[PDB]
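Inspection log for the structure reproduced underneath, given as structure tokens.
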Amino acid sequence: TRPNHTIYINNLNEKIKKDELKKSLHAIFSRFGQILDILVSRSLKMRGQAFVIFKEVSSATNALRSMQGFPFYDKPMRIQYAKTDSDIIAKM
RNA sequence: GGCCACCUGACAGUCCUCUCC
RNA sequence: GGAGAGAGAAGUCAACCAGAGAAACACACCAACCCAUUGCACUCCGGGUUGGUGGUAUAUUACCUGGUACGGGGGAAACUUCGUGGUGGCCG
Ligand SMILES: [Ca+2]
Ligand SMILES: [Ca+2]
Ligand SMILES: [Ca+2]
Ligand SMILES: [Ca+2]
Ligand SMILES: [Ca+2]
Ligand SMILES: [Ca+2]
Ligand SMILES: [Ca+2]
Ligand SMILES: [Ca+2]
Ligand SMILES: [Ca+2]
Ligand SMILES: [Ca+2]
Ligand SMILES: [Ca+2]
Ligand SMILES: [Ca+2]
Ligand SMILES: [Ca+2]
Ligand SMILES: [Ca+2]
Ligand SMILES: [Ca+2]
Ligand SMILES: [Ca+2]
Ligand SMILES: [Cl-]
Ligand SMILES: [Cl-]
């Protein structure tokens, strides 16, 4: 898709608690640039995925290109740019 | 006076519907 | 959103008033487990089983304690003990 401030990540272990998941995600993604927020929900449709919103697109492209397949709670995570701007980015 | 089913009421943390703020 | 009024599921209960008073059943949350889900969101929220916890359910309907009204039976009397929402089928 088009490069975006937010990266879409799926194929995440569904047994992991939300706080635990957001925390690990920040730990392994913080190095690419400031992270504005990370949305994770365990609802039927949103479980196994998470949105990581970066402050700079350049930071999103870096994380995407460098963490594709990263081992994570026993599953190789899949990453893509989000199809649409996350609200906080669109509302600026 | 017992046991089972249906009747009919009392109770009305869910659900519906209507009015008011 | 709050309040209230109808309708009313589940479940328990039965003459009348009242004190005391559970349970059952719905519902909500949490945990474990099972099934389903590879899903593009930004207003929360899939189903199942087992267990735990919760509530102006701080209720009431059982159980108990007081009387009321009907009926019985017992007292010489001053009174006292029992019973109590409709049918059909098995039964006493
Ligand atoms: Ca964060
Ligand atoms: Ca959930
Ligand atoms: Ca008005
Ligand atoms: Ca009924
Ligand atoms: Ca009655
Ligand atoms: Ca009472
Ligand atoms: Ca009580
Ligand atoms: Ca709630
Ligand atoms: Ca609810
Ligand atoms: Ca699975
Ligand atoms: Ca699919
Ligand atoms: Ca939106
Ligand atoms: Ca579940
Ligand atoms: Ca469940
Ligand atoms: Ca209670
Ligand atoms: Ca009471
Ligand atoms: Cl969680
Ligand atoms: Cl979130």
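Here is how names work: the chains are called A, B, and so on, in the same order as the sequence lines, proteins then strands, and each is numbered from 1.
- The residue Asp85(A) sits close to a base: some heavy atom pair falls under 4.0 Å.
- Distance noted for atom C1' between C82(C) and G75(C): 16 Å (whole Å).
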For this session: Starting at the 5' end of RNA chain B, write a dot or bracket for each base, bracketing those in Watson-Crick or G-U wobble pairs whose two distances are under 3.5 Å and using | for partners on another strand.
Result: |||||||.|||.|..||||||

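- Across every strand in view, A57(C) sits unpaired, with no contact that passes the Watson-Crick or G-U test at under 3.5 angstrom.
- Residue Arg47(A) is classed as a base contact, given a heavy-atom separation below 4.0 Å to a base.
- Using a 5.5 Å limit on the distance between ring centres and a 30° limit on the angle between planes, the aromatic ring of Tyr8(A) counts as stacked on the six-membered base ring of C40(C).
- Applying the 3.5 Å distance criterion, the base of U38(C) shares a donor-acceptor pair with the side chain of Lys75(A).
- Annotated as syn: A57(C), whose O4'-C1'-N torsion sits within 90° of 0.
- When the nearest nucleotides of RNA chain C are assigned to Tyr81(A) and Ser41(A) by heavy-atom distance, the more 5′-ward of the two goes with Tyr81(A).
- Below the 3.5 angstrom threshold, one finds no donor paired with an acceptor across the side chain of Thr6(A) and the base of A41(C).
- Residue side chain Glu14(A) reaches the base of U37(C) through a donor-acceptor N/O pair under 3.5 Å, judged by distance alone.
- Side-chain proximity of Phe51(A) to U43(C), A41(C), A31(C): nearest is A41(C).
- Rounded to an integer number of Å, the gap from CG of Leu44(A) to P of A41(C) is 14 Å.
- Two residues are said to be in side-chain contact when any heavy atoms from C-beta on lie closer than 4.5 Å; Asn13(A) and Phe72(A) fail this criterion.
- Nucleic acid contact for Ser43(A): sugar-phosphate only, since backbone atoms but no base atoms lie under 4.0 Å from a heavy atom of the residue.
- Under the Watson-Crick or G-U wobble criterion, with both distances below 3.5 Å, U37(C) has no partner in any strand shown.
- Pairing of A62(C), defined by two Watson-Crick or G-U wobble distances under 3.5 Å, is not identified with any nucleotide.
- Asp85(A) is not listed as a side-chain neighbour of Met92(A), based on a closest heavy-atom distance of 4.5 Å or more.
- With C1' as the reference atom, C16(C) and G83(C) are 15 Å apart, rounded to whole Å.
- Rounded to an integer number of Å, the gap from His5(A) NE2 to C40(C) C1' is 18 Å.
- Scored by the ring pair (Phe, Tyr, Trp, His ring centres under 6.0 Å) test, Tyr8(A) finds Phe51(A) as partners (sequence neighbours excluded).
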